[PDB]
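Just so it is clear, none of the values below were taken in a lab; they were calculated from the coordinates. With ideal geometry, Cβ positions are generated from the backbone for all residues, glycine too; neighbour counts draw on all protein chains shown.
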There are 20 protein chains.
Amino acid sequence: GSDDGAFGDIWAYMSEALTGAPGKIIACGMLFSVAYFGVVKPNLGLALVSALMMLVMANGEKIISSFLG
Amino acid sequence: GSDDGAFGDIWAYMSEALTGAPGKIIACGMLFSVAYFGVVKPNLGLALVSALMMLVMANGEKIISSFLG
Amino acid sequence: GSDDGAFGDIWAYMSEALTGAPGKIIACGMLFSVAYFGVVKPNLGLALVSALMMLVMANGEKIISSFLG
Amino acid sequence: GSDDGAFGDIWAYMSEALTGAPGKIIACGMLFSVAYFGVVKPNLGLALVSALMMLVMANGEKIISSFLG
Amino acid sequence: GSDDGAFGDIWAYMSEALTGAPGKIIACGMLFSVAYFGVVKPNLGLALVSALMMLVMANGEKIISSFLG
Amino acid sequence: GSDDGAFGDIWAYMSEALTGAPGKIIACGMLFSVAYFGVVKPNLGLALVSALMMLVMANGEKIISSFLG
Amino acid sequence: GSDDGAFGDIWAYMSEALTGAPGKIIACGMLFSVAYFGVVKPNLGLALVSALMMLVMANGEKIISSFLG
Amino acid sequence: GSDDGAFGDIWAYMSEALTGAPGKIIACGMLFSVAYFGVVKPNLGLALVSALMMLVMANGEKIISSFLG
Amino acid sequence: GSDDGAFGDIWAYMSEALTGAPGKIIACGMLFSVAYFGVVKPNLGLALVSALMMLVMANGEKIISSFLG
Amino acid sequence: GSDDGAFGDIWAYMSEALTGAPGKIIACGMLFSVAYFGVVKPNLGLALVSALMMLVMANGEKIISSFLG
Amino acid sequence: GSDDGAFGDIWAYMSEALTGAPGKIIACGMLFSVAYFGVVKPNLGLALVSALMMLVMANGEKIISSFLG
Amino acid sequence: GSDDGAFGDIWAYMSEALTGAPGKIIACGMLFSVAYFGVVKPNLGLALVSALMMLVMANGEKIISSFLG
Amino acid sequence: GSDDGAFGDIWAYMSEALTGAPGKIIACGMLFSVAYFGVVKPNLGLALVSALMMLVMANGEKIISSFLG
Amino acid sequence: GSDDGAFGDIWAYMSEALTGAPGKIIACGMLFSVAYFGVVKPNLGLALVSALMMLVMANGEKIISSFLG
Amino acid sequence: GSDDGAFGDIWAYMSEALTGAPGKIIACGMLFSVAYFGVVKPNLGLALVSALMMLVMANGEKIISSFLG
Amino acid sequence: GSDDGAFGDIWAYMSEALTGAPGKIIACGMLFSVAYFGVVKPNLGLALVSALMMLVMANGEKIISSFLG
Amino acid sequence: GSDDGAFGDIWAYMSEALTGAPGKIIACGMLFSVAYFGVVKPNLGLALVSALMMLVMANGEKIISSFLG
Amino acid sequence: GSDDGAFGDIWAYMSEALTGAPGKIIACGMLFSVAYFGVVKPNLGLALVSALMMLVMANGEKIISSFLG
Amino acid sequence: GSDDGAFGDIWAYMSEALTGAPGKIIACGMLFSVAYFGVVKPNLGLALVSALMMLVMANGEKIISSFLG
Amino acid sequence: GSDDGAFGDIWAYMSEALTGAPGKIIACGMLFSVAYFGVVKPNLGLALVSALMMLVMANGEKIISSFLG
Ligand SMILES: CCCCCCCCCCCCCCCC(=O)OC[C@H](COP(=O)(O)OC[C@@H](O)CO)OC(=O)CCCCCCCCCCCCCCC
Ligand SMILES: CCCCCCCCCCCCCCCC(=O)OC[C@H](COP(=O)(O)OC[C@@H](O)CO)OC(=O)CCCCCCCCCCCCCCC
Ligand SMILES: CCCCCCCCCCCCCCCC(=O)OC[C@H](COP(=O)(O)OC[C@@H](O)CO)OC(=O)CCCCCCCCCCCCCCC
Ligand SMILES: CCCCCCCCCCCCCCCC(=O)OC[C@H](COP(=O)(O)OC[C@@H](O)CO)OC(=O)CCCCCCCCCCCCCCC
Ligand SMILES: CCCCCCCCCCCCCCCC(=O)OC[C@H](COP(=O)(O)OC[C@@H](O)CO)OC(=O)CCCCCCCCCCCCCCC
Ligand SMILES: CCCCCCCCCCCCCCCC(=O)OC[C@H](COP(=O)(O)OC[C@@H](O)CO)OC(=O)CCCCCCCCCCCCCCC
Ligand SMILES: CCCCCCCCCCCCCCCC(=O)OC[C@H](COP(=O)(O)OC[C@@H](O)CO)OC(=O)CCCCCCCCCCCCCCC
Ligand SMILES: CCCCCCCCCCCCCCCC(=O)OC[C@H](COP(=O)(O)OC[C@@H](O)CO)OC(=O)CCCCCCCCCCCCCCC
Ligand SMILES: CCCCCCCCCCCCCCCC(=O)OC[C@H](COP(=O)(O)OC[C@@H](O)CO)OC(=O)CCCCCCCCCCCCCCC
Ligand SMILES: CCCCCCCCCCCCCCCC(=O)OC[C@H](COP(=O)(O)OC[C@@H](O)CO)OC(=O)CCCCCCCCCCCCCCC
Ligand SMILES: CCCCCCCCCCCCCCCC(=O)OC[C@H](COP(=O)(O)OC[C@@H](O)CO)OC(=O)CCCCCCCCCCCCCCC
Ligand SMILES: CCCCCCCCCCCCCCCC(=O)OC[C@H](COP(=O)(O)OC[C@@H](O)CO)OC(=O)CCCCCCCCCCCCCCC
Ligand SMILES: CCCCCCCCCCCCCCCC(=O)OC[C@H](COP(=O)(O)OC[C@@H](O)CO)OC(=O)CCCCCCCCCCCCCCC
């Protein structure tokens, strides 16, 4: 695929925001949810799941560029 | 089928955009939705489903050209 | 039925366009809709439905010629 | 009824065109509409309805000749 | 009523044409309209209505002769 | 009521067609719809409903003749 | 009211046809519509509504004669 | 009922297609849906339901001919 | 039933794809789901259920051809 | 079955990924879950279950190709 | 209220049919639905609910005559 | 208000029919609808609602005469 | 305003009929409509709306005389 | 109640089918469901519940005739 | 009850399949489940329960025919 | 509040029926449900809850009159 | 409360059936459940609970009449 | 606000009916619904909610007069 | 804006009626609707919404005068 | 209580089956369970408990008839 065109700026902004401020906000929300739901039932496995999800988010642009030429 | 004609340019643009900027934008939206919905209920299977959907998108032009001569 | 006559050219163009550029454009639109609606609710069954619809489109001329003599 | 007379040629042309080029054009339009409306809401039942309508078109001359002597 | 007189030939021609070539042409037009309007909104009930109308046309002479002595 | 008159032939044809070819076509359409809608959500109760509807169709002439003298 | 006069024959024919051949034809049309619309959405309540309507038709002459002296 | 008439060919085609190519296509769609929905929640009871539905389809013509004379 | 006709090609493609590439893709999805859901709760019985479902898929064409003549 | 066709690339990618990077990621997740759940209740049998599941994953393509021709 | 008048026959027929053939048909449909829905989830309480509904139907005329003078 | 005048007879007939034959027919229709809709989803609360509606019908004349002097 | 003049009698008759026989007839029609539409969908809120409308009708003359001097 | 009338044949067919072929089919479906759901969780109490339901089905006509006069 | 009618073939097939191939498949599934669940917790009582369930399946047709006349 | 007015009769009937025949019917239904649901899971606490609910029903009119002046 | 009225017959039937045939059927079901669940875990206390529940059923009418005047 | 004017009588009637006969009827309906829905699922919290709603109804006029001057 | 002019009286009446008799009538209707819809589904949040709406109505004149000079 | 009525046959069958074939089957299951669970831990007290349970089953009809009049 080609990253340029009429929608090149939108794709660039989305890719930068995936690991940028919106992605960091979503990760912080994940951490907040993990901490909050652990008040009654402490479960640190959800922290590992959130870490894996943040790892996927960090590699989301690479996966998208690999699958879509 | 024949890729040329009066609508050849439209079909060419659509095929290139399927794996181009609009397709990448839709894939990034899929990743964003997967990350967002995992704040409360972490589910990494939806990431696999999104990967399969991006794989289908990458092969969409081939499928269309195979089915429609 | 007879494929010739005053409307022979129109019927020929429609039959060729069913599996030609307009049909391919409609199939690409189907794929785009399937990818877009899967952002929030990933459902790969709609991809199978779209594949079946493209299969019907590929055989549309044969069905029409079989039913209408 | 009698197929001859002053309007025999018009009736003959209409009967031949029902399963001829105009009928095939209308059937192709039915297929195109079914494919187009399935982009957002894939519904293959309309394909069955269109097949039944083409079956009725193929037997339209027989029905007309049976009802009208 | 009496079928003879100065207008006997006109009445005879009209009665024969009701189920003859003009009636068959009108029935074929009904079928064409049913097929055409079903491209966007497939509705096979109109086919049943057209069949009933052709049944009425086939019995039009009998009804007229029964009502008018 | 009286089954004869100017509209006796139309009523006779309608009564015979209720359990005849058009009624059988409608019943086959009911079966096709039941089979088609069961692809995604298998529901055999609709088959029982269709059987009851065909039973009503078989007794439609008797009901009409009983209600209308 | 008085059933005789200049329009006595017309009123007599209408009253006899209400439960006669035209009324039976309308009832058969009701049954056909109920069967046809039940192909996609089986609803046997419309059959009960049609039965009530035929019951009203059977008593239409009595109602008219009661209201109009 | 009588299988002949103006709509005899349509009824014959529908009856043959119920257990013919369209019926087989619908059954294959049932099998595909059963296999697809079993990816996340394996449920082999739906396979039994589909088998019963195909059994009903195989006997649909017999049921219709029994109910409608 | 008869495998030929206007829909013979569609039925042939569906039957070949049931045990072909789409069926293999669905089976691989079944295996992926079984492996993924076993991360937290290892359950190898779902593997046996998936094997039985693939066995049913392999015999789907035979079952359909046996039930539908 | 045939591994080629319109969906040949998708099936090839899925088969290679079953024992490739996604399969290895799922196996590593299995190991992580086994290690994590053993903090409070050490149970090494789940390690054997995970080893068996990885063995099934390694032979998943062979099983699918054997069952689906 | 008064049971006579222009609509006396309609009311009499409705009251007799409430506990007559149509009411018995509706009760048999209730029993059939209770038996059918108990295939997957056996629930005999719905049988008691249906018995209570039939009891209400048996006393429907009395209730209507008591409320409406 | 005054119950006499040019429209005194119409008002008297309407008031008597509210709790008379037409009102009883409407109440019987309510009972029939309650029984029919309870075939699939037994709900006896609708019977209580219908009883309340019949109670309102029985007191409709009193309410109208109280509000309108 | 002044209630006398050339149109004093018409205004007096209209004001008396608002809460007189025609108003009572309209209120009875409201009650009949509420009872009839509640056969399929029992909704007693429409009864409250009708009561409010009758309350407005009872005070219509006062409102008109207050607004128009 | 009276078993005769316009709907006497429908009621007779329903009563005979309650303990006839459709009732036996529903009972066989109950047995199949009991056997199938006992693969993972063997529960023979559901067999007793199904036996009680078949006992109710055998006495359904008697119950309906007792409740509805 | 009567084993013949429109649904005689369906009932015959279901009765033969209860102790035929589908019943044997369900029994083999019962045995497989008993063997599989005994890997961690060996319990041979479930084998006796499965034997009793197969005994019930073998006598299912007799029970159904005894309860339903 | 005032118990008289246009709706005095409706309120009186509702208050008398709360502890009258409809209230007793609802209480008997409560007892029947308690007995029925205790077949599998005997729970006599629901009997105490039903007794408390009947106590509330007996005092419903007093509560309503106390809250609403 | 008053046992008479429009719902007097329904209340009488429910009260008689509480200790009549339906109540005896529910008690027999309780005994059957107690015997069945005692195959694996013999517990005769559930028999005492069922006896107490039958005692409550025998006094249900008295309790309802005492609470509801 | 001012309670007088052209709509003073309507407002006075509505305020008196809020805690009068219509309000008492609505409260009795609330109690009936609470008792009815507690047959299957006894929930006395809905009684407390209904008591709070009646408390709000008793103070509705005060709230309206406080908010609207 | 200026409150005087040709339409000063109309604006004054509307502003006074917003918090006057018509506004109070609308608020009482809101309370009645909240009480009525809470019979089946008790929801006291709608009471808070109605209170907020009455608060907006009380400040409607101030908002209008602030926005429109 | 009365043993007759609409449910007299069901109650008679249940009472006869309590000490009949189903009761004997349940008792044999009790004996089989006692023998099976005694392989590892021989406990003949469970045999006495089963004997007491069979004694209760033999007197179940008497207890039910004594408690329920
Ligand atoms: C960075 C450090 C390493 C990362 C952490 C290690 C992995 C941790 C996972 C196991 C923790 C176990 C205790 C969890 C506690 C727990 O209850 O988890 C709950 C969570 C949800 O799982 P299910 O939906 O199966 O849960 C159903 C219920 O059990 C609800 O919990 O489990 C997972 O997410 C497991 C899947 C992660 C493993 C699968 C990963 C492979 C799929 C993704 C591959 C990439 C796809 C890319 C797409 C673009
Ligand atoms: C690239 C790496 C390999 C790809 C990933 C591996 C496959 C992953 C699938 C299983 C993950 C299981 C956990 C998911 C978590 C989950 O809940 O998923 C939810 C998602 C939606 O499934 P349903 O609509 O059945 O879900 C109903 C509810 O369960 C909602 O979840 O499941 C799927 O998409 C399964 C279908 C994928 C498998 C079918 C693929 C074959 C059809 C497409 C073939 C191509 C068609 C082409 C048309 C042109
Ligand atoms: C090429 C590979 C093989 C093709 C793919 C295999 C078939 C896939 C179908 C099942 C996927 C199930 C999951 C879908 C997910 C899903 O939700 O689907 C939604 C889609 C719409 O179905 P309904 O309108 O019943 O849906 C109502 C709601 O459920 C909305 O989804 O379902 C279908 O299209 C089923 C009908 C396809 C099967 C019928 C085919 C036979 C009719 C056409 C025969 C030809 C007519 C020719 C006329 C000229
Ligand atoms: C050649 C292969 C066999 C043909 C295909 C099998 C029949 C397919 C019908 C059912 C598919 C169900 C899913 C459809 C999906 C669907 O939504 O359909 C929509 C379409 C329109 O129906 P309605 O107007 O009832 O729909 C109202 C809304 O539901 C809009 O859909 O339904 C039909 O056409 C049903 C009538 C066909 C059955 C009636 C046929 C008998 C009348 C014609 C007899 C001949 C008259 C001759 C006059 C000369
Ligand atoms: C021949 C064998 C015996 C016939 C089959 C047995 C009856 C089967 C009915 C119950 C199956 C339950 C599962 C269905 C699955 C289901 O969902 O059904 C859907 C279908 C539509 O019902 P509703 O419109 O209430 O459904 C609203 C939604 O639930 C949509 O399903 O239900 C019925 O048709 C029930 C009415 C049949 C019973 C009423 C019959 C009495 C009225 C007709 C009397 C004759 C009138 C003659 C007029 C001339
Ligand atoms: C050929 C081999 C023998 C056939 C297979 C044996 C029967 C299998 C049924 C039980 C499997 C249980 C596990 C299923 C898993 C399951 O969840 O099923 C789901 C499916 C839908 O049932 P419901 O709509 O009750 O489900 C509501 C939810 O539970 C959704 O599942 O259940 C049925 O279809 C049961 C009805 C079949 C039995 C009724 C048959 C009698 C009616 C048809 C008679 C012919 C009518 C002819 C009209 C022309
Ligand atoms: C190729 C090797 C042999 C195949 C594997 C052996 C059979 C394995 C089954 C037992 C494993 C037990 C542990 C599973 C672990 C487990 O939890 O399973 C879950 C799965 C779903 O069962 P249910 O829906 O009863 O589960 C409800 C909950 O328990 C969810 O698990 O169980 C089955 O699929 C049992 C039915 C298979 C047996 C029925 C087969 C007969 C019906 C199909 C016959 C063909 C129909 C053809 C239609 C065209
Ligand atoms: C003749 C023998 C005696 C009759 C049977 C005894 C009563 C049986 C009721 C309890 C069985 C409990 C297990 C059911 C299993 C069950 O799930 O039931 C479902 C059914 C529907 O109830 P809901 O709509 O509350 O259910 C919501 C969900 O739970 C869906 O089930 O429950 C009822 O019908 C209870 C109301 C009957 C009791 C109210 C009767 C009083 C109102 C009618 C009075 C006459 C009005 C006349 C108007 C003209
Ligand atoms: C004679 C015996 C005593 C009468 C029966 C007792 C009252 C029964 C009501 C509750 C049953 C609850 C279960 C129902 C089951 C149910 O689903 O009901 C459905 C039905 C419709 O309510 P909605 O439109 O709120 O329903 C929306 C959806 O929930 C559809 O059900 O509910 C009502 O009618 C409640 C209103 C009756 C209570 C309001 C009465 C006060 C207004 C009328 C006052 C007179 C106006 C006179 C104007 C002239
Ligand atoms: C012919 C031989 C004698 C028949 C068998 C003996 C009765 C067997 C019942 C107990 C078995 C216990 C183990 C079951 C295993 C089990 O889990 O059962 C499940 C099944 C469903 O009960 P529930 O809906 O209470 O279950 C909620 C969950 O526990 C799901 O199981 O239980 C019943 O059906 C009990 C009701 C039968 C007893 C009530 C009968 C009286 C009502 C019907 C009277 C006739 C109404 C006629 C209307 C026309
Ligand atoms: C006449 C003799 C004395 C009456 C009986 C004594 C009270 C019995 C309650 C405890 C029995 C415990 C075992 C039950 C077994 C049981 O499972 O109960 C189930 C039932 C439902 O409770 P929940 O909805 O909390 O249950 C959620 C799940 O646990 C389902 O059971 O519990 C209650 O009803 C408790 C509330 C009664 C106590 C609250 C009463 C105060 C509120 C009503 C005050 C009047 C409001 C008037 C409005 C107009
Ligand atoms: C007179 C005696 C004292 C009154 C009773 C005490 C309060 C009872 C409430 C708690 C009972 C809990 C168990 C209920 C059982 C239950 O399930 O309730 C269901 C009912 C509906 O609540 P939701 O819509 O949140 O429920 C969603 C689902 O849970 C459906 O239940 O809950 C309430 O109404 C709670 C709100 C009452 C508390 C809020 C009051 C403040 C708002 C109103 C203030 C006045 C507004 C005036 C506007 C003009
Ligand atoms: C006087 C005492 C304090 C007032 C009450 C406190 C506020 C109560 C609101 C929350 C209650 C939540 C439970 C409700 C239960 C509920 O279901 O509510 C339903 C109602 C309708 O909301 P939607 O249309 O979002 O609902 C869609 C569905 O959920 C239908 O309910 O919700 C609201 O009105 C929320 C908006 C109020 C909050 C927005 C206020 C700000 C906008 C107005 C500002 C002034 C505009 C002036 C223009 C001139």
Point to revise | Candidate set from region O:4-43 (those that are within 20 Å of the chain's Cα centre (by Cα) and part of a loop (DSSP other than H, G, I, E, B)); member that is surrounded by the most Cβ atoms within 10 Å (Cβ to Cβ) | key: O:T19
Check your understanding: at the interface with another protein chain (Cβ under 7 Å from one of its Cβ atoms) and surrounded by fewer than 21 Cβ atoms within 10 Å (Cβ to Cβ): does that describe D:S65?
Key -> no
Review point. Hey, among C:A35, C:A12, which residue is more than 13 Å from ligand 3 (Cβ to nearest atom), under 16 Å from B:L52 (Cβ atoms) and out of contact with any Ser or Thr (no Cβ under 9 Å at 6 or more places or on another chain)?
Key: C:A35
Review point. Somewhere in region D:62-69, is a residue under 15 Å from E:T19 (Cα atoms) and part of a loop (DSSP other than H, G, I, E, B)?
Key: yes
Point to revise | Single unsatisfied condition, I:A58 versus (1) within 16 Å of ligand 7 (Cβ to nearest atom); (2) away from chain C (no Cβ under 14 Å); (3) without any contact (Cβ under 8 Å) to a residue 12 or more places away in the chain | key: (3)
Practice item. Can you tell me which residue within region T:19-32, out of those that are within 12 Å of chain N (Cβ to nearest Cβ) and in contact (Cβ under 8 Å) with a residue 12 or more places away in the chain, is farthest from ligand 11 (Cβ to nearest atom)? Key: T:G23
Review point. In this structure, does F:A51 turn out to be surrounded by 21 or more Cβ atoms within 10 Å (Cβ to Cβ), within 13 Å of chain N (Cβ to nearest Cβ) and near ligand 5 (Cβ under 8 Å from one of its atoms)?
Key: yes
Exercise for review: Report yes if H:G1 is farther than 22 Å from I:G45 by Cα, in contact (Cβ under 8 Å) with a residue 60 or more places away in the chain and of a type outside the set (S, T, N, Q), otherwise no.
Suggested key: yes
Check your understanding: Among the residues of region M:1-31, how many are of a type in the set (S, T, Y) and in contact with a helix residue (DSSP H, G or I) (Cβ under 7 Å, 6 or more places away or on another chain)?
Key -> 2
Review point. Looking at S:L44, is it in contact (Cβ under 8 Å) with a residue 12 or more places away in the chain, under 19 Å from R:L31 (Cα atoms), touching a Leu at 6+ places or on another chain (Cβ under 8 Å) and within 7 Å of chain R (Cβ to nearest Cβ)?
Key: no
Revision key, fill the gap. Among L:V34, L:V39, the single one that is within 16 Å of K:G60 (Cα to Cα) and in contact with a helix residue (DSSP H, G or I) (Cβ under 6 Å, 6 or more places away or on another chain) is L:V34
**Study point:** So L:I10, is it free of Cβ contacts under 8 Å to residues at least 24 places away in the same chain, more than 16 Å from ligand 13 (Cβ to nearest atom) and more than 30 Å from K:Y36 (Cα to Cα)
**Key:** yes
